[PDB]
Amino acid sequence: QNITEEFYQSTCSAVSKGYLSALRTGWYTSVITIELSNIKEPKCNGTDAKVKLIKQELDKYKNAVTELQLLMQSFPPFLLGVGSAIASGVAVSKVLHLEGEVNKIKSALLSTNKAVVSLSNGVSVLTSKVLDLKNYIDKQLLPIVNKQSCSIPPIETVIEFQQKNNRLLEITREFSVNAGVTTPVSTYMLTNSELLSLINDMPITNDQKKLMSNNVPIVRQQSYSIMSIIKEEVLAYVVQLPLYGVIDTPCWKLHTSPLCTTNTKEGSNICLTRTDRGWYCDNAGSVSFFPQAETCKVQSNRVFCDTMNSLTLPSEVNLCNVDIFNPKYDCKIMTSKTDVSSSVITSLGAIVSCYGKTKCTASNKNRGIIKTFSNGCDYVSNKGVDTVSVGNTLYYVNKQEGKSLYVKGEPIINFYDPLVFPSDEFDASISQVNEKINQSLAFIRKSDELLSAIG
């Protein structure tokens, strides 16, 4: 629980260290079943308010089944087709459509509400009966309506059927706007207790059960619900849960801000910005890099990421933070003439790139302005700092305990000649810039020697 940050004045960037990894490398799929009733629109003569209420709820139930069947055949079209995040769960969904595969699971859950079932294609899956509308309707609602004249229901039955039928009605809702594939997995799909018991039974280490059971909200966001089948008066859908094959390896976050020359005026400055910003995690002797901000979820020390949305880099990518001119790795930069002030709120600090006439401050709740940034790239930690202002933009600062280190260094943009500086580099590196520098240096050579005997 020790977060530390280093600000590199040399490159206008900061790295937040001390995080712990949880990287999704596998999937666990489970079959979730709901038992339905095979009851027809009741032919019974009666018109009390209570039986009116029961018939209304029955028509809700009957329509939910029908509109779930329209989701089936429209293999369901939404299983055959697109997917890599879902292929594992889609694989189990297709198998349930084989001859008697439903009856396999139906038998295992006849006597118990949770059982392990071996499937015909060679997968072993935990299967759960989360709701039984078959026995409630057949034993408490069939005797009332499967006659010529309907006997009155108790008010207790009217209330409790509404409660039971509600989960099915909600599942049909989520499954008829999401086309049968949803993420995060809702509580109507799998409650907190059901997901906790399912984690408890998974073929994983006891420490993985610790991590998953403590971060259920994150597990929800990295899980999928895949709709499978209605048949044999059963409702089956597949829940696809993450398997974290990488745990407790170091992770760090890179924050980058533009670095520009200052002492010149107007539109005559050279700028460069480190590009490889995002999360990094040590993974199997290499570095997993997650460039898009959404894919990694943070809870206290832990960074939860999905390896499917990652690039794999050598360990030497970190040498960019220690020495951007190191030989071993070609550190990535971008360049431009854009001389614009901005700020980046780091894990426990703030980078300020103040340029031009912009007024850039950092302030405290009580003392007011406690720093006025000069032109150039600077940094301030969150110790006694609450907000940062750049122009007309007030940023609040993350208030999170940790140690912050200011690594003084010469801004590398000072080392470059502005006349031969490539200033349109969308995605370049240190070496690529040096190659273009020499080529323009060589053109200057070749042209100058063409004027020796002439001039």
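A residue's number is simply how far along the shown sequence it sits, counting from 1.
- In terms of unmodelled positions of the deposited sequence, the stretch from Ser74 to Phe75 in this entry skips 10 or more residues.
- Taking only CA atoms, the mean B-factor in the PDB entry is higher for 411 to 419 than for the other of 28 to 36 and 411 to 419.
- Set 374 to 382 against 316 to 324 and average the Cα temperature factors; 316 to 324 ends up higher.
- In the deposited coordinates, the residue among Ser286, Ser257, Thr307, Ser300 with the greatest CA B-factor is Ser300.
- Residue set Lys332, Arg367, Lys359, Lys210: peak C-alpha B-factor at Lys210 (per PDB entry).
- When the CA B factors of the chain's modelled residues are split into thirds, the value for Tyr395 lands in the lowest one.
- When all modelled residues of the chain are sorted by CA temperature factor, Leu195 is found within the middle third.
- Annotation for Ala64: C-alpha temperature factor in the middle third relative to the rest of the modelled chain, per the entry.
- Compared with the other modelled residues of the chain, the Cα B-factor recorded for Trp279 ranks in the lowest third.
- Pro184: CA B factor lies in the lowest third for its chain, per the PDB record.
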